[PDB]
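The chain that follows stands alone, in the form deposited in one PDB entry, written as structure tokens.
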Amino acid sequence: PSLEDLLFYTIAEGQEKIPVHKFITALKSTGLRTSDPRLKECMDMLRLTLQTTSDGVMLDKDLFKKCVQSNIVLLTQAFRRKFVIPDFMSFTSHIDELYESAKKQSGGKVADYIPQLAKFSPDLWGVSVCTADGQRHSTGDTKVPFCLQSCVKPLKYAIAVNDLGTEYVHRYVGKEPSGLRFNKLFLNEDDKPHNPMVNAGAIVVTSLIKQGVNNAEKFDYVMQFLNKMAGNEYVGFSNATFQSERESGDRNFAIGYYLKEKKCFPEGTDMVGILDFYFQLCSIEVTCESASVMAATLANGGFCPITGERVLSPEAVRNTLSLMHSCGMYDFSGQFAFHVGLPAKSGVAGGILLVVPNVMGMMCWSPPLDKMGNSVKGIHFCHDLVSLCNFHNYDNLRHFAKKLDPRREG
């Protein structure tokens, strides 16, 4: 026996030849994209032989082995239906319907407090999925850059705990939600901001990362870190939204000065620089696709699903998922956790970074917000999704009524 050969006959079909395009679409049906980083050596070997023998590019048992031996373990888990979602093909056709039904929630208002999000059309709407195994699906305007805005907070919280530990980080930031009419206070009674998902705690968390280097290097470190979380997919930066956030951040300076007087930053902090770093981190640009991979990184215990690298310590990813659950969706956090029960974080640009732990990561984007600051179509999508699949954090994996479970077969 041999694994690459047994895999050859699984796809060879009993036939003696594999047309390689038949291999490529058998591959994409896994949901894996041809461009997957864990697959490069095999596509290197495929683009090589698509030149060597332009004569009927069918692969025999020996030549197929010559391309896929290097990636055979991941190719076989893909083809022996061992990924977290075995029938990915049907699942995307449910993701499509959920996308198209949220696509008719035309209500809401595009945040216009800056001219940069004000120029974004209300008709943009994209949903991107990446599972814990790297299966990909996207639908809508999923390659348009937009800023993370307030979706950056868990990402930077993760880095801070990843680099410094839970106990150090939470001397400066609380670990609970305020209370639905305490969105107006900055501090809890330990004179600590309530949690990293609000502007007060975000400004404090920003204060802890890479102390002692300048703001240019600090930003560099976060970009390198956010690069690994998305498996080197698109991470960018909008200078335009940066300047309009620095000229308009009256409430943020208010928070900085309040935090400075009440001695909530670590020793030797330059408060006004931290606010400039903060406005920077909120105009890091993503797409629906790249950011869905970062979301899958947290769904996966801190291991990037399309590269296999350890990017965050499991302690950092649990804390962040805990704190997204409670505090992630403004005054809709409490109701969102009850009805949807998925760690999620929203942003002023209309993004929702969603995690379904041990299944998949996601990013939704439609600019128009509802009156609580959450993307209209984005929020409508996350309801239908939990309505449909037993992904609610406190669903039962065995008895779950008329819901669907994508992690099983028949």
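Numbers follow the displayed sequence, beginning with 1.
The stretch 68-76 shows the higher mean C-alpha B-factor when 68-76 is compared against 162-170 in the entry. In this entry, 58-66 shows the higher mean Cα temperature factor of the pair 357-365 and 58-66. Each of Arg47, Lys345, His380, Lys371 has a CA temperature factor in the record; the biggest one is found at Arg47. Out of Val204, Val286, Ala316, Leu117, it is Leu117 whose C-alpha atom has the highest B-factor in the PDB entry.
Per the PDB record, residue ranking by Cα B-factor puts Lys153 in the lowest third of the chain. Ranked by Cα temperature factor within the chain, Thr10 sits in the highest third according to the deposited record. Among all modelled residues in this chain, the alpha-carbon of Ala240 has a temperature factor (C-alpha) in the lowest third. When the CA B factors of the chain's modelled residues are split into thirds, the value for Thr25 lands in the highest one. Ranked by C-alpha B-factor against the other modelled residues of its chain, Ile18 falls in the highest third.
Missing here is the form deposited with a small molecule bound; even so, the following discussion is about that form.
Heavy atoms within 4.5 Å of the small molecule in the deposited bound form belong, among the stretches 245-253, 302-310, 138-146, 286-294, to residues of 245-253. Among residues of the shown chain, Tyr278 is one whose heavy atoms approach the small molecule to within 4.5 Å in the deposited bound form.
A residue is said to contact a partner when one of its heavy atoms sits within 4.5 Å of a partner heavy atom; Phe265 fails this definition for the small molecule in the deposited bound form, lying far away. Taking the partner from elsewhere, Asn71 is found to have every heavy atom lying beyond 4.5 Å of the small molecule in the deposited bound form.
Using a 4.5 angstroms limit between non-hydrogen atoms, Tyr113 touches the small molecule in the deposited bound form. At a distance of at most 4.5 angstroms from the small molecule in the deposited bound form, all three residues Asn199, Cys282 and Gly347 contribute at least one non-hydrogen atom. Contact with the small molecule in the deposited bound form, defined as a heavy atom within 4.5 Å, holds for exactly one of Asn162, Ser150, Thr92, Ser238, namely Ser150. Among the residues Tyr172, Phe225, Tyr330, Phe120, the one placing a heavy atom within 4.5 Å of the small molecule in the deposited bound form is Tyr330.
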